[PDB]
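Down below is the structure, laid out as structure tokens.
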Amino acid sequence: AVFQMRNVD
Amino acid sequence: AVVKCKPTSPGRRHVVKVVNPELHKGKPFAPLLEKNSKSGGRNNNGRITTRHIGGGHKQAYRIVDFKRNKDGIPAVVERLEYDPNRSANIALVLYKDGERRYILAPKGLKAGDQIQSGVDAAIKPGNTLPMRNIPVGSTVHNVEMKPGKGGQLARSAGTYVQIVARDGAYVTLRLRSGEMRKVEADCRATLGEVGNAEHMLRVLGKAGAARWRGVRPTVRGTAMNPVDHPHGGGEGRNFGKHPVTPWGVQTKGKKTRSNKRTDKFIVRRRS
Amino acid sequence: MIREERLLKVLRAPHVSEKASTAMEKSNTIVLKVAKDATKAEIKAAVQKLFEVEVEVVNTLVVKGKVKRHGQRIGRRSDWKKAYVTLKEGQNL
Amino acid sequence: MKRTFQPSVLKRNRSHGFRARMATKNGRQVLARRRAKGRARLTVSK
RNA sequence: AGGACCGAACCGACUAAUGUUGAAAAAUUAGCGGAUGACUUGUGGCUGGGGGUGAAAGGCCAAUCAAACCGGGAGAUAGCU
RNA sequence: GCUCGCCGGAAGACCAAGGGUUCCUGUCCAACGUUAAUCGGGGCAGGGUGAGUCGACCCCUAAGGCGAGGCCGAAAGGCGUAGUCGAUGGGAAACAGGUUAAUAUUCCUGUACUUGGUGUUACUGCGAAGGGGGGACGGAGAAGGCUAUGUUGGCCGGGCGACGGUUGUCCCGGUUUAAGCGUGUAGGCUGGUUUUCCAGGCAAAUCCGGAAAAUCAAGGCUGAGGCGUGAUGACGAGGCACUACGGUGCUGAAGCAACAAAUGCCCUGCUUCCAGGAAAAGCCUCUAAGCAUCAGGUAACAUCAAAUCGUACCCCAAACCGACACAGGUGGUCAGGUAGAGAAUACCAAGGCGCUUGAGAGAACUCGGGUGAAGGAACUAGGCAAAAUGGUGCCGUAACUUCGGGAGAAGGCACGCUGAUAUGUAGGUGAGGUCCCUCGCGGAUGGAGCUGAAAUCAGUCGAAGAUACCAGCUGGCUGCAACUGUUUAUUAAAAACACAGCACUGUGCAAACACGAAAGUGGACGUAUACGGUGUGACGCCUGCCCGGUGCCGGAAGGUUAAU
């Protein structure tokens, strides 16, 4: 599945 | 005689049908029918050379007698018929020998009319005779561009072409566009004008109305992306860029014409 | 047609089975394997001469060879064509 | 969910059959490479 | 009469729970939208990689797409770990 | 083996796709099965797929592919004519019963049918790659006439009830039969026959079409279904009999009527509406080049041939597609009883299953549910989730509006059972009797029988009668988009996209534009009331000003300027 998303802290 | 539709449910309120009661309902004169399969707007390469074309109801092509080669023989109308391919109505005239051919219908046409092609033919609407016999200023349609080629001019409904001049072998013609253009007098032409002048009145009235016409939805380029169309991006509609075709040719204010060979026939630009 | 030499190879081997015996003791239809090709007529004539008995009607079918396997290696058998030669009142052997 | 693989022998022979390989020189080169490599199955069928 | 109404098949996937090394690499359950049409679907073709297609999300093109996959140039380059 | 439980518009059955012996039997338990396993879709072995008329092959053609020459391109190659291939289409013909452990429209039994070869006889103008006809087609809607099928009655066979009754207005079961053939009805379509003439259908024409006459009014085509035949039978509940207790032989009663009735048939109809609805062959006819006592053509009989290939099993799944015996995905066909509007839903028939780990204990906690006293959003980012509303008939219903809406607005009443009206009414269906008939599958008269709601009155039971399943929450202000749709398959269904409409601009046809070095196509077998591009986004009121900068059009003297 791994997915994606992002890490905008 | 157009009749505005009553507002029963949305997509019906704005519809304006153009009924034509004198048309003969029923199956088409079968032998002259022939197949006309939809192209989808694609060519032999399979690329979409022309966008916004596809789908729609199937249509069957019908041969029409452009040349009107049967001079001298009297003709009589049998019945009017609808033509899916064209704005103008077609008509099934009966030649005295029993041969039948479709012809574009003049506004003055009615059932039983005695139209007759020929050089010696009397000047009444529905006749198809060479322009050399035609008096100046008479309404004219279905004009041949070449001697006996057919009659590509004024095929559309409500169109008419006045002949304002006859000097030389040529006769000058006034196109419906308003552009002037010389045409050889030897070319055949039909007197009067086609009667479907109500054709402009239709307004479709729904989003799905274009679907059977083979028309496909139009996506504006500003809503697209820079990679797909020169317009696009800008975060929130915007515009900025000078308007252009997707291939980059300048839209609005650029004559694409480049023939030169036919400039001699162009007496004047359209106004 | 005959051309005896072509017909002689048609009858390569009888195919005995428990069902075939019931076919013979009741339906009087002898059962045997035939050539991979051939036809309904040659199979008939082959019984008309060498079996010296009249044929009522001939039937044909092809039984696919069941696949076998041993380890990663596999081995299909071979296809063969069963035939049902119905005999008249003149049947013998 | 529907799988990407939706088998049909008729499309299969037409798309990847020996005749398709013979349809053009580029397909014949494929067979030439499969032969040079050595293979039990030059194509696929029955 | 209707891109008309309620509502199964059929199609679609708005909410919420469960699931999160699941029964399932996106489902199930309880509701939902459309359901004579711009409908859905079977079968068989067409458009081939800076190209295709797109009622336009830069989405999709065999579970991968701000440029598919396979092989080759190729042991590319890397002042970096 | 005896019971329970689930589906039953399927979790039953069938075909295609696809799989490829998983099918049947014997035997085996290492490995395969999320457990043991004598079992299995597992190992081994044997057996199993029977076609003139099911399908493919075959004839024909669509979108297309290929393509003699040809056109074009550095080469490879691309395009394309005549042609050829291409079904998801069209084109000749088998139905019932029986049988096997597994195959049956295939074998057997019974009754049949089509197209050709050959022969006999009779009559006679036969003959294309050509002409014409036919094949040959849309959406929606309206009924009517019927069948599949069901209920009830009658008939026949069987049963007097484990517990108070049950020889009667009782209970149970059966009441099944095709293609073919004869008959040509309910209907639908069209005025027929004959003579003469013609610039048409590339050649010709007796055919089609056109034009003049004459004559006559029913001439023909199409067509379900019914009724006969097929059928002295077949099937058949149930018995008589041997019995490897898994069955096999024989015999075998009644086999009708009435009503209801479809999504199936008549219907490729009819009516109606624009969006005006493939292609060719087989088929019916026409002659030409030709044969013309022939060959051929048509008809009755007889005979022969109908090959090759598929045929087992799975078919919404354990076997196809998902790495799995995986809660997913997979097209068409068959459509029982009761209630109901219904293919919804509940309970059942036929039939298939209890889903390949179980036995216990009855902690939290978690998941799936039921109920809860008092309060009723005090919870929370937020009425999220649950709860609630829910049917038919009738009363009645506002602001606003493009006068169609809003609207099922909102808000209420009635709803079970039984009797009477009427021992079953209004209606529907329809036999006998009677009469008329150019006499048929006729019509009128006549009304039995069957079927059958809805209403009123009265009575009656429960806390509750649309009692279960099934089955809208409603109103008010306002933002946005006109609306129906479409969109990030796999976190965003939206105000985003589309949209009809409006406007601008390009384009006179060998069009602009677009694919492609080209050739050739698309646009379009269209012709400015058309087409392309751009912007805007129904409708109503409208849409002001600025050409300095930027872009573009128009203008041709001068300034400037390339190759030469």
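Chains: A, B, ... in order of the structure tokens. Residues: from 1 per chain. Ligands: from 1, in order shown.
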Exercise for the section: Excluding residue 209 (chain F) and any residue of its chain fewer than 3 positions from it, enumerate the residues within 9 Å of it, using only C-alpha atoms (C1' of nucleotides), and give them as a ChimeraX atom specification. Expected result: /B:97-99 /F:200-201
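Near residue 52 (chain C), within a cut-off of 10 Å and counting only C-alpha atoms (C1' of nucleotides), sit the residues residues 45, 46, 47, 48, 49, 50, 54, 55, 90, 91, 92 and 93 of chain C, with same-chain residues fewer than 2 positions away left out.
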Hey, list the chain E side of the contact with chain B: 9 Å cut-off, only C-alpha atoms (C1' of nucleotides), answer as a PyMOL selection string.
chain E and resi 1-4+38+46-47+52+55-56+58+66
Store the residues picked out above, limited to N, CA and C atoms (P, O5', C5', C4', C3', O3' and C1' of nucleotides), as a PDB file, in the first residue's frame.
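Final output, out.pdb:
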```pdb
ATOM      1  P     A E   1     -44.378  10.061 -24.671  1.00  0.00           P
ATOM      2  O5'   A E   1     -43.589  11.062 -25.630  1.00  0.00           O
ATOM      3  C5'   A E   1     -44.220  12.219 -26.160  1.00  0.00           C
ATOM      4  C4'   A E   1     -43.842  13.465 -25.399  1.00  0.00           C
ATOM      5  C3'   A E   1     -42.647  13.353 -24.468  1.00  0.00           C
ATOM      6  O3'   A E   1     -41.409  13.445 -25.152  1.00  0.00           O
ATOM      7  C1'   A E   1     -44.408  14.619 -23.460  1.00  0.00           C
ATOM      8  P     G E   2     -40.113  12.668 -24.603  1.00  0.00           P
ATOM      9  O5'   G E   2     -39.635  13.540 -23.357  1.00  0.00           O
ATOM     10  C5'   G E   2     -39.204  14.887 -23.523  1.00  0.00           C
ATOM     11  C4'   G E   2     -38.965  15.566 -22.195  1.00  0.00           C
ATOM     12  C3'   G E   2     -37.789  15.021 -21.388  1.00  0.00           C
ATOM     13  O3'   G E   2     -37.192  16.078 -20.632  1.00  0.00           O
ATOM     14  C1'   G E   2     -39.788  14.737 -20.157  1.00  0.00           C
ATOM     15  P     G E   3     -35.782  16.708 -21.084  1.00  0.00           P
ATOM     16  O5'   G E   3     -34.729  16.117 -20.040  1.00  0.00           O
ATOM     17  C5'   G E   3     -34.682  14.725 -19.764  1.00  0.00           C
ATOM     18  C4'   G E   3     -33.277  14.243 -19.503  1.00  0.00           C
ATOM     19  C3'   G E   3     -32.673  14.608 -18.157  1.00  0.00           C
ATOM     20  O3'   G E   3     -33.128  13.773 -17.107  1.00  0.00           O
ATOM     21  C1'   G E   3     -31.077  14.938 -19.884  1.00  0.00           C
ATOM     22  P     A E   4     -33.504  14.404 -15.677  1.00  0.00           P
ATOM     23  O5'   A E   4     -34.834  15.235 -15.957  1.00  0.00           O
ATOM     24  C5'   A E   4     -36.033  14.582 -16.350  1.00  0.00           C
ATOM     25  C4'   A E   4     -37.204  15.030 -15.511  1.00  0.00           C
ATOM     26  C3'   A E   4     -37.474  14.212 -14.257  1.00  0.00           C
ATOM     27  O3'   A E   4     -36.636  14.570 -13.170  1.00  0.00           O
ATOM     28  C1'   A E   4     -39.490  14.511 -15.434  1.00  0.00           C
ATOM     29  P     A E  38     -30.356  12.261 -23.873  1.00  0.00           P
ATOM     30  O5'   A E  38     -28.776  12.197 -24.070  1.00  0.00           O
ATOM     31  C5'   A E  38     -27.926  13.169 -23.470  1.00  0.00           C
ATOM     32  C4'   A E  38     -26.553  12.613 -23.186  1.00  0.00           C
ATOM     33  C3'   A E  38     -26.481  11.632 -22.020  1.00  0.00           C
ATOM     34  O3'   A E  38     -25.451  10.672 -22.266  1.00  0.00           O
ATOM     35  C1'   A E  38     -25.118  13.498 -21.555  1.00  0.00           C
ATOM     36  P     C E  46      -6.638  -2.286 -34.577  1.00  0.00           P
ATOM     37  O5'   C E  46      -6.981  -0.734 -34.482  1.00  0.00           O
ATOM     38  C5'   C E  46      -7.453  -0.025 -35.617  1.00  0.00           C
ATOM     39  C4'   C E  46      -7.699   1.428 -35.298  1.00  0.00           C
ATOM     40  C3'   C E  46      -6.629   2.117 -34.470  1.00  0.00           C
ATOM     41  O3'   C E  46      -5.500   2.506 -35.231  1.00  0.00           O
ATOM     42  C1'   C E  46      -8.758   2.647 -33.599  1.00  0.00           C
ATOM     43  P     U E  47      -4.045   2.535 -34.551  1.00  0.00           P
ATOM     44  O5'   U E  47      -4.032   3.908 -33.745  1.00  0.00           O
ATOM     45  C5'   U E  47      -4.263   5.138 -34.412  1.00  0.00           C
ATOM     46  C4'   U E  47      -4.354   6.290 -33.444  1.00  0.00           C
ATOM     47  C3'   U E  47      -3.275   6.351 -32.376  1.00  0.00           C
ATOM     48  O3'   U E  47      -2.065   6.912 -32.852  1.00  0.00           O
ATOM     49  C1'   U E  47      -5.395   6.708 -31.387  1.00  0.00           C
ATOM     50  P     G E  52      -0.353  13.538 -29.564  1.00  0.00           P
ATOM     51  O5'   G E  52      -1.202  12.277 -29.092  1.00  0.00           O
ATOM     52  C5'   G E  52      -1.400  11.168 -29.955  1.00  0.00           C
ATOM     53  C4'   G E  52      -2.066  10.019 -29.241  1.00  0.00           C
ATOM     54  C3'   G E  52      -3.402  10.329 -28.585  1.00  0.00           C
ATOM     55  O3'   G E  52      -4.480  10.317 -29.502  1.00  0.00           O
ATOM     56  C1'   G E  52      -2.041   9.136 -27.070  1.00  0.00           C
ATOM     57  P     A E  55     -13.581  15.244 -23.026  1.00  0.00           P
ATOM     58  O5'   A E  55     -14.544  16.153 -22.142  1.00  0.00           O
ATOM     59  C5'   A E  55     -14.009  17.111 -21.243  1.00  0.00           C
ATOM     60  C4'   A E  55     -15.048  17.595 -20.263  1.00  0.00           C
ATOM     61  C3'   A E  55     -15.152  16.813 -18.965  1.00  0.00           C
ATOM     62  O3'   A E  55     -14.153  17.163 -18.023  1.00  0.00           O
ATOM     63  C1'   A E  55     -17.312  17.167 -19.842  1.00  0.00           C
ATOM     64  P     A E  56     -13.432  16.024 -17.151  1.00  0.00           P
ATOM     65  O5'   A E  56     -12.075  16.706 -16.669  1.00  0.00           O
ATOM     66  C5'   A E  56     -12.094  17.827 -15.791  1.00  0.00           C
ATOM     67  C4'   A E  56     -10.743  18.495 -15.715  1.00  0.00           C
ATOM     68  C3'   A E  56     -10.771  20.018 -15.769  1.00  0.00           C
ATOM     69  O3'   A E  56      -9.663  20.539 -15.038  1.00  0.00           O
ATOM     70  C1'   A E  56      -9.604  19.188 -17.650  1.00  0.00           C
ATOM     71  P     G E  58      -4.694  19.524 -11.318  1.00  0.00           P
ATOM     72  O5'   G E  58      -4.018  18.492 -12.325  1.00  0.00           O
ATOM     73  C5'   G E  58      -3.829  18.830 -13.691  1.00  0.00           C
ATOM     74  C4'   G E  58      -3.179  17.706 -14.459  1.00  0.00           C
ATOM     75  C3'   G E  58      -2.196  16.850 -13.674  1.00  0.00           C
ATOM     76  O3'   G E  58      -2.853  15.810 -12.970  1.00  0.00           O
ATOM     77  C1'   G E  58      -1.232  17.493 -15.747  1.00  0.00           C
ATOM     78  P     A E  66       2.807  12.418 -12.719  1.00  0.00           P
ATOM     79  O5'   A E  66       3.798  13.493 -13.351  1.00  0.00           O
ATOM     80  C5'   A E  66       3.877  13.668 -14.762  1.00  0.00           C
ATOM     81  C4'   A E  66       4.917  14.693 -15.146  1.00  0.00           C
ATOM     82  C3'   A E  66       6.164  14.726 -14.261  1.00  0.00           C
ATOM     83  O3'   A E  66       7.310  14.986 -15.069  1.00  0.00           O
ATOM     84  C1'   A E  66       5.135  16.855 -14.271  1.00  0.00           C
TER      85        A E  66
END
```
Practice task
For residue 61 (chain C), list every protein, DNA or RNA residue within 10 Å, evaluated using only C-alpha atoms (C1' of nucleotides), and leave out those in the same chain fewer than 6 positions away; present the list as a ChimeraX atom specification.
Solution key: /C:33-34,80-84 /F:49-50,311
Create the file for the chosen residues now, containing N, CA, C and O atoms (P, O5', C5', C4', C3', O3' and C1' of nucleotides) and written as a PDB file, in the first residue's frame.
```pdb
ATOM      1  N   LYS C  33     -10.315 -48.027 -31.924  1.00  0.00           N
ATOM      2  CA  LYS C  33      -9.515 -46.858 -32.272  1.00  0.00           C
ATOM      3  C   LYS C  33      -9.227 -46.836 -33.772  1.00  0.00           C
ATOM      4  O   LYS C  33      -9.067 -47.885 -34.393  1.00  0.00           O
ATOM      5  N   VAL C  34      -9.160 -45.640 -34.349  1.00  0.00           N
ATOM      6  CA  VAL C  34      -8.839 -45.498 -35.766  1.00  0.00           C
ATOM      7  C   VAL C  34      -7.683 -44.526 -35.973  1.00  0.00           C
ATOM      8  O   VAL C  34      -7.080 -44.048 -35.013  1.00  0.00           O
ATOM      9  N   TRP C  80      -6.023 -39.669 -29.508  1.00  0.00           N
ATOM     10  CA  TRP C  80      -6.452 -40.816 -30.302  1.00  0.00           C
ATOM     11  C   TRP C  80      -7.947 -40.750 -30.601  1.00  0.00           C
ATOM     12  O   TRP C  80      -8.718 -40.165 -29.840  1.00  0.00           O
ATOM     13  N   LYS C  81      -8.347 -41.357 -31.714  1.00  0.00           N
ATOM     14  CA  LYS C  81      -9.707 -41.215 -32.221  1.00  0.00           C
ATOM     15  C   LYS C  81     -10.522 -42.501 -32.102  1.00  0.00           C
ATOM     16  O   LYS C  81     -10.349 -43.434 -32.884  1.00  0.00           O
ATOM     17  N   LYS C  82     -11.405 -42.543 -31.109  1.00  0.00           N
ATOM     18  CA  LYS C  82     -12.331 -43.657 -30.943  1.00  0.00           C
ATOM     19  C   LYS C  82     -13.418 -43.629 -32.016  1.00  0.00           C
ATOM     20  O   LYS C  82     -13.851 -42.554 -32.448  1.00  0.00           O
ATOM     21  N   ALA C  83     -13.869 -44.810 -32.434  1.00  0.00           N
ATOM     22  CA  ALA C  83     -14.930 -44.911 -33.430  1.00  0.00           C
ATOM     23  C   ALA C  83     -15.995 -45.928 -33.022  1.00  0.00           C
ATOM     24  O   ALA C  83     -15.687 -46.975 -32.453  1.00  0.00           O
ATOM     25  N   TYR C  84     -17.250 -45.602 -33.319  1.00  0.00           N
ATOM     26  CA  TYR C  84     -18.381 -46.475 -33.023  1.00  0.00           C
ATOM     27  C   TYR C  84     -19.016 -47.010 -34.301  1.00  0.00           C
ATOM     28  O   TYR C  84     -19.849 -46.340 -34.911  1.00  0.00           O
TER      29      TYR C  84
ATOM     30  P     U F  49     -17.492 -41.611 -24.496  1.00  0.00           P
ATOM     31  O5'   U F  49     -17.533 -40.019 -24.550  1.00  0.00           O
ATOM     32  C5'   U F  49     -18.693 -39.304 -24.135  1.00  0.00           C
ATOM     33  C4'   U F  49     -18.705 -37.888 -24.658  1.00  0.00           C
ATOM     34  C3'   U F  49     -18.314 -37.723 -26.128  1.00  0.00           C
ATOM     35  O3'   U F  49     -19.080 -36.668 -26.708  1.00  0.00           O
ATOM     36  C1'   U F  49     -16.866 -36.439 -24.778  1.00  0.00           C
ATOM     37  P     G F  50     -20.456 -36.985 -27.476  1.00  0.00           P
ATOM     38  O5'   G F  50     -20.134 -38.285 -28.340  1.00  0.00           O
ATOM     39  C5'   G F  50     -19.351 -38.202 -29.528  1.00  0.00           C
ATOM     40  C4'   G F  50     -19.804 -39.199 -30.567  1.00  0.00           C
ATOM     41  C3'   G F  50     -21.127 -38.868 -31.254  1.00  0.00           C
ATOM     42  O3'   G F  50     -21.090 -39.343 -32.598  1.00  0.00           O
ATOM     43  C1'   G F  50     -21.321 -40.938 -30.137  1.00  0.00           C
ATOM     44  P     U F 311     -14.447 -31.570 -27.155  1.00  0.00           P
ATOM     45  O5'   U F 311     -15.980 -31.671 -26.736  1.00  0.00           O
ATOM     46  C5'   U F 311     -16.610 -30.620 -26.010  1.00  0.00           C
ATOM     47  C4'   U F 311     -18.111 -30.778 -25.979  1.00  0.00           C
ATOM     48  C3'   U F 311     -18.627 -31.989 -25.203  1.00  0.00           C
ATOM     49  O3'   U F 311     -19.870 -31.661 -24.585  1.00  0.00           O
ATOM     50  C1'   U F 311     -19.345 -32.129 -27.449  1.00  0.00           C
TER      51        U F 311
END
```
Got a sec: who's within 8 Å of residue 66 (chain C), counting only C-alpha atoms (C1' of nucleotides), leaving out chain neighbours fewer than 3 positions off, as a PDB file with C-alpha atoms (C1' of nucleotides), in the first residue's frame?
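Okay, around_10.pdb is ready:
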```pdb
ATOM      1  CA  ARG C  76       1.599 -34.910 -22.302  1.00  0.00           C
ATOM      2  CA  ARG C  77       0.506 -38.285 -23.699  1.00  0.00           C
ATOM      3  CA  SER C  78      -1.041 -38.560 -27.166  1.00  0.00           C
TER       4      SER C  78
ATOM      5  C1'   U F  21      -9.426 -34.025 -17.370  1.00  0.00           C
TER       6        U F  21
END
```
Query raised in the report: Which residues in region 13-208 of chain B does DSSP call strand (DSSP E)? List them as JSON, numbers by chain.
Result: {"B": [16, 17, 33, 34, 35, 60, 61, 62, 75, 76, 77, 78, 79, 80, 81, 90, 91, 92, 93, 94, 95, 100, 101, 102, 103, 104, 128, 129, 130, 140, 141, 170, 171, 172, 173, 174, 180, 181, 182, 183, 184, 188, 189, 190, 191]}
Checklist line | Contacts of residue 324 (chain F) within 12 Å, only C-alpha atoms (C1' of nucleotides), excl. fewer than 3 positions in-chain, as a list in words | finding: residues 23 of chain E; 33, 34 and 318 of chain F
Please list as a compact mmCIF listing (two decimals) with N, CA, C and O atoms, in the first residue's frame every residue within 8 Å of region 121-136 of chain B, counting only C-alpha atoms (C1' of nucleotides) and excluding residues in the same chain fewer than 6 positions away.
```
# COMPACT_ATOMS: atom_id res chain seq x y z
N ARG B 68 -28.08 18.60 -62.32
CA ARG B 68 -29.35 18.78 -63.03
C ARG B 68 -29.17 18.58 -64.54
O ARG B 68 -29.66 19.37 -65.34
N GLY B 72 -34.55 19.94 -70.35
CA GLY B 72 -35.67 19.77 -71.26
C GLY B 72 -36.82 18.99 -70.67
O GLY B 72 -37.98 19.35 -70.87
N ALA B 105 -34.92 22.33 -51.94
CA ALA B 105 -36.25 22.91 -52.09
C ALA B 105 -36.27 24.43 -51.96
O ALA B 105 -35.94 24.98 -50.91
N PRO B 106 -36.67 25.12 -53.05
CA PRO B 106 -36.93 26.56 -53.09
C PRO B 106 -38.12 26.96 -52.22
O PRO B 106 -39.03 26.15 -52.02
N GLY B 108 -40.56 28.83 -52.76
CA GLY B 108 -41.82 28.85 -53.49
C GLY B 108 -42.35 27.48 -53.85
O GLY B 108 -43.45 27.35 -54.38
N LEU B 109 -41.56 26.44 -53.57
CA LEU B 109 -41.94 25.08 -53.93
C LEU B 109 -43.15 24.59 -53.15
O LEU B 109 -43.30 24.88 -51.96
N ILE B 115 -41.53 22.40 -61.89
CA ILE B 115 -40.17 22.90 -62.11
C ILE B 115 -39.52 22.15 -63.27
O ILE B 115 -39.83 20.97 -63.51
N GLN B 162 -27.20 37.04 -54.94
CA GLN B 162 -27.57 37.99 -55.99
C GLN B 162 -26.46 38.11 -57.04
O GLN B 162 -25.27 38.04 -56.71
N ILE B 163 -26.84 38.30 -58.30
CA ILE B 163 -25.88 38.51 -59.37
C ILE B 163 -25.92 39.97 -59.82
O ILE B 163 -26.79 40.37 -60.60
N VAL B 164 -24.99 40.77 -59.32
CA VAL B 164 -25.00 42.21 -59.56
C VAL B 164 -24.35 42.64 -60.87
O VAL B 164 -24.45 43.81 -61.26
N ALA B 165 -23.68 41.72 -61.55
CA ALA B 165 -22.93 42.07 -62.76
C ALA B 165 -22.79 40.90 -63.73
O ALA B 165 -22.86 39.74 -63.33
N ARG B 166 -22.57 41.22 -65.00
CA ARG B 166 -22.49 40.21 -66.05
C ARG B 166 -21.42 40.51 -67.10
O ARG B 166 -21.40 39.89 -68.16
N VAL B 171 -19.58 36.30 -64.64
CA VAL B 171 -20.62 37.06 -63.97
C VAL B 171 -20.27 37.18 -62.49
O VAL B 171 -19.94 36.19 -61.83
N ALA B 185 -20.14 32.30 -66.28
CA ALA B 185 -21.56 32.33 -66.64
C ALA B 185 -22.07 30.97 -67.10
O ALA B 185 -23.26 30.68 -67.01
N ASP B 186 -21.15 30.14 -67.60
CA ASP B 186 -21.52 28.79 -68.11
C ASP B 186 -22.06 27.89 -66.98
O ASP B 186 -22.82 26.94 -67.27
N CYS B 187 -21.67 28.17 -65.74
CA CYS B 187 -22.10 27.38 -64.60
C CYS B 187 -23.61 27.45 -64.40
O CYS B 187 -24.22 28.51 -64.53
N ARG B 188 -24.21 26.31 -64.08
CA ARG B 188 -25.64 26.23 -63.81
C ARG B 188 -25.97 26.80 -62.43
O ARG B 188 -25.14 26.79 -61.53
N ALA B 189 -27.20 27.30 -62.28
CA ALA B 189 -27.63 27.83 -60.99
C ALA B 189 -29.15 27.73 -60.82
O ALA B 189 -29.90 27.81 -61.79
N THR B 190 -29.58 27.55 -59.57
CA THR B 190 -31.01 27.42 -59.28
C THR B 190 -31.62 28.78 -58.94
O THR B 190 -31.05 29.56 -58.18
N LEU B 191 -32.79 29.05 -59.51
CA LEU B 191 -33.50 30.30 -59.27
C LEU B 191 -34.16 30.33 -57.89
O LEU B 191 -34.47 29.28 -57.33
N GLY B 192 -34.35 31.53 -57.35
CA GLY B 192 -34.99 31.68 -56.06
C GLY B 192 -34.09 31.31 -54.90
O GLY B 192 -32.86 31.29 -55.04
N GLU B 193 -34.69 31.02 -53.75
CA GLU B 193 -33.92 30.67 -52.56
C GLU B 193 -34.58 29.55 -51.77
O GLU B 193 -35.80 29.39 -51.80
```
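If you look at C1' of residue 434 (chain F) and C1' of residue 446 (chain F), they are 7.9 Å away from each other.
Picture a line from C1' of residue 255 (chain F) to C1' of residue 176 (chain F); it runs 7.5 Å.
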Would you list which chain F residues are within 8 Å of chain D using only C-alpha atoms (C1' of nucleotides), as a PyMOL selection string? chain F and resi 17-18+321-322+328-329
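Going from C1' of residue 270 (chain F) to CA of residue 111 (chain B) covers 27.9 Å.
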Write out as a PDB file with C-alpha atoms (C1' of nucleotides), in the first residue's frame each polymer residue whose atoms come within 12 Å of region 29-36 of chain E, counting only C-alpha atoms (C1' of nucleotides); drop sequence neighbours fewer than 6 positions from it.
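Wrote it out as around-v1.pdb, contents follow:
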```pdb
ATOM      1  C1'   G E   2     -39.788  14.737 -20.157  1.00  0.00           C
ATOM      2  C1'   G E   3     -31.077  14.938 -19.884  1.00  0.00           C
ATOM      3  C1'   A E   4     -39.490  14.511 -15.434  1.00  0.00           C
ATOM      4  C1'   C E   5     -40.772  11.998  -9.919  1.00  0.00           C
ATOM      5  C1'   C E   6     -40.439   7.796  -5.967  1.00  0.00           C
ATOM      6  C1'   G E   7     -37.961   3.219  -6.203  1.00  0.00           C
ATOM      7  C1'   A E   8     -35.093  -2.790  -7.430  1.00  0.00           C
ATOM      8  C1'   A E   9     -31.904  -4.954 -11.108  1.00  0.00           C
ATOM      9  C1'   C E  10     -27.747  -2.146 -13.169  1.00  0.00           C
ATOM     10  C1'   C E  11     -24.388   1.923 -12.502  1.00  0.00           C
ATOM     11  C1'   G E  12     -22.017   5.421  -9.069  1.00  0.00           C
ATOM     12  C1'   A E  13     -19.073   5.776  -4.289  1.00  0.00           C
ATOM     13  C1'   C E  14     -21.474  11.191  -0.070  1.00  0.00           C
ATOM     14  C1'   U E  15     -21.282   9.919   5.616  1.00  0.00           C
ATOM     15  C1'   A E  16     -19.869   6.696   9.655  1.00  0.00           C
ATOM     16  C1'   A E  17     -18.084   2.316  11.989  1.00  0.00           C
ATOM     17  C1'   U E  18     -14.990  -2.036  11.338  1.00  0.00           C
ATOM     18  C1'   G E  19     -10.575  -3.284   9.091  1.00  0.00           C
TER      19        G E  19
ATOM     20  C1'   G F 139     -37.013   6.112 -29.938  1.00  0.00           C
ATOM     21  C1'   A F 140     -41.145   6.366 -26.922  1.00  0.00           C
ATOM     22  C1'   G F 141     -46.204   5.159 -26.075  1.00  0.00           C
ATOM     23  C1'   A F 327     -16.021 -12.011   2.515  1.00  0.00           C
ATOM     24  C1'   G F 368     -21.916  -6.394  16.086  1.00  0.00           C
ATOM     25  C1'   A F 385     -23.355   8.551  15.012  1.00  0.00           C
ATOM     26  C1'   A F 386     -27.848   6.497  16.771  1.00  0.00           C
ATOM     27  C1'   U F 484     -29.615  17.036 -15.591  1.00  0.00           C
ATOM     28  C1'   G F 485     -24.488  15.502 -15.556  1.00  0.00           C
ATOM     29  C1'   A F 493     -17.875  15.132  -5.552  1.00  0.00           C
TER      30        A F 493
END
```
Counting only C-alpha atoms (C1' of nucleotides), collect the residues of chain F whose closest atom lies at most 7 Å from chain B, and write them out as a PyMOL selection string. chain F and resi 198-200+209-210+275-277+404+483+498-500+505-506+512+514-515+521-523+527-530+533-534+551-553
